[PDB]
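Below is one structure, written out as structure tokens; the observations come after it.
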Amino acid sequence: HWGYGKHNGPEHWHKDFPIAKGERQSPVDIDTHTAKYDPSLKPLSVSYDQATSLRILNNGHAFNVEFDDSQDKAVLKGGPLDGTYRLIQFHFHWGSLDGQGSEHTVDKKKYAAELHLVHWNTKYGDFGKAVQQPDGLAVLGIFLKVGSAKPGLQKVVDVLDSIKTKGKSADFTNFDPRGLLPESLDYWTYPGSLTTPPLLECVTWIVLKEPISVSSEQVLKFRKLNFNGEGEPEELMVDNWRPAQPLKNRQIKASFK
Ligand SMILES: [Zn+2]
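According to UniProt numbering, the sequence shown is numbered sequentially starting from 4.
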């Protein structure tokens with residue numbers, strides 16, 4: 004099955020998921036000079052005050068922090084979006100070294116990592132139905148650079164020893180995802196896809212301009228995770244990012260001048 008190796012990585016995905024070569028694939032390079040300021044775009048509304056985290060899972064490609072999405076507790080609205088999108092999970096993509104790891108790039112700059120907060124449109128009732136629709140998901144992408152520690156990330160870092168290998172999960176209640184946001188909600192937006200199989204073209208991407216800073220020790224703990232299951236040969240979970248895909252007939256819009 005698919006992964007990030009020489010034999011099963013992004014350039015192989017098209018064989019099982021032909022949409023890999025589709026017209027609205029993610030991620031993309033954000034050319035900051037070509038992105039158009041769109042004064043009609045609304046400020047993002049991030050309403051995470053009542054978020055209920057439940058669990059953290061090593062799924063063999065990343066780790067997911069899962070939320071209760073059975074009510075409107077943690078929602079994204081406004082920005083480019085029509086209606087209400089419920090937070091279901093967040094995860095990261097990161098590198099083997101600090102010079103790579105993000106999926107989106109900015110003028111070809113690669114960040115050390117990228118956080119994806121995944122939300123689904125409540126008009127489709129469940130995540131599985133939402134991924135079948137062109138406006139089904141809104142993913143909030145946040146870049147990570149290495150410098151100062153991010154205090155709000157440390158609870159995540161400290162549980163990773165308990166989910167080292169594929170299929171391990173741990174209770175992860177009372178985590179506040181507000182602690183992962185930068186100060187500014189200035190963003191770019193474009194229509195795209197899931198960045199892992201099944202690569203469905205169901206995402207409104209919202210990529211924040213302002214990165215968050217994490218410490219070298221925090222990202223080093225990400226890199227101690229394993230792709231493999233328990234009692235299998237150790238394969239470090241690093242470089243779990245898809246490279247930039249062709250922009251094709253798309254416009255990236257900026258919320259800011
Ligand atoms: Zn992702």
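The beta carbon of each residue, even a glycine, is placed where N, CA and C say it ideally should be.
{"Item": "What do you reckon, are the CB atoms on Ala141 and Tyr88 nearer than 9 Å?", "Value": "yes"}
{"Item": "Identify which residue in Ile255, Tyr7, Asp19 and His10 has its Cα closest to the Cα of residue 1.", "Value": "Within the shown structure, residues of the chain are numbered from 4 to 260, placing residue 1 beyond reach of any answer."}
{"Item": "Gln157 lies in the beta strand (DSSP E); which residues open and close that run?", "Value": "Where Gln157 is concerned, there is no enclosing beta strand (DSSP E), although the alpha helix (DSSP H) it sits in stretches over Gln157 to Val162."}
{"Item": "Residues around ligand 1, please: the condition is that the C-beta lies closer than 6 Å to some non-hydrogen atom of it.", "Value": "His94, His96, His119 and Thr198"}
{"Item": "Determine the extent of the alpha helix (DSSP H) in which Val222 is found, giving its start and end residues.", "Value": "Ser219 to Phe225"}
{"Item": "Under the three-state reduction of DSSP, which class applies to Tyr51: helix, strand or coil?", "Value": "coil"}
{"Item": "Exposed or buried, what is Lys113 when buried is set at 16 or more other beta-carbons lying within 10 Å of its beta-carbon?", "Value": "buried"}
{"Item": "Beta-carbon within less than 6 Å of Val159's beta-carbon, same chain only, minus the 5 sequence neighbours each way: which residues are those?", "Value": "none"}
{"Item": "Should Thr35 go down as buried or exposed, given a rule of 16 or more other Cβ atoms within 10 Å for buried?", "Value": "exposed"}
{"Item": "Select from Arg226, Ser50, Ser196 and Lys45 the residue whose C-alpha is nearest the C-alpha of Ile22.", "Value": "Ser196"}
{"Item": "Taking the alpha-carbon of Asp164 as reference, which of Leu60, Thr207 and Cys205 has the nearest alpha-carbon?", "Value": "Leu60"}
{"Item": "Determine whether the beta carbon atoms of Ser48 and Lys9 lie at a separation below 9 Å.", "Value": "no"}
{"Item": "Hey, out of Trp191, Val78, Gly139 and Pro42, whose CA is closest to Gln53's CA?", "Value": "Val78"}
{"Item": "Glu233 to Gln221, Cα distance in whole Å?", "Value": "23 Å"}
{"Item": "Can you tell me where the alpha helix (DSSP H) with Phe130 in it begins and where it stops?", "Value": "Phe130 to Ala133"}
{"Item": "Can you tell me whether DSSP reads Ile255 as helix, strand or coil?", "Value": "coil"}
{"Item": "If you draw a straight line from the C-alpha of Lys256 to the C-alpha of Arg27, how long is it?", "Value": "15 Å"}
{"Item": "Counting only the same chain and skipping the five closest in sequence on each side, list residues whose C-beta sits under 6 Å from that of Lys212.", "Value": "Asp189"}
{"Item": "What residue from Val162, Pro180, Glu106 and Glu237 has the CA that sits closest to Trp208's CA?", "Value": "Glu106"}
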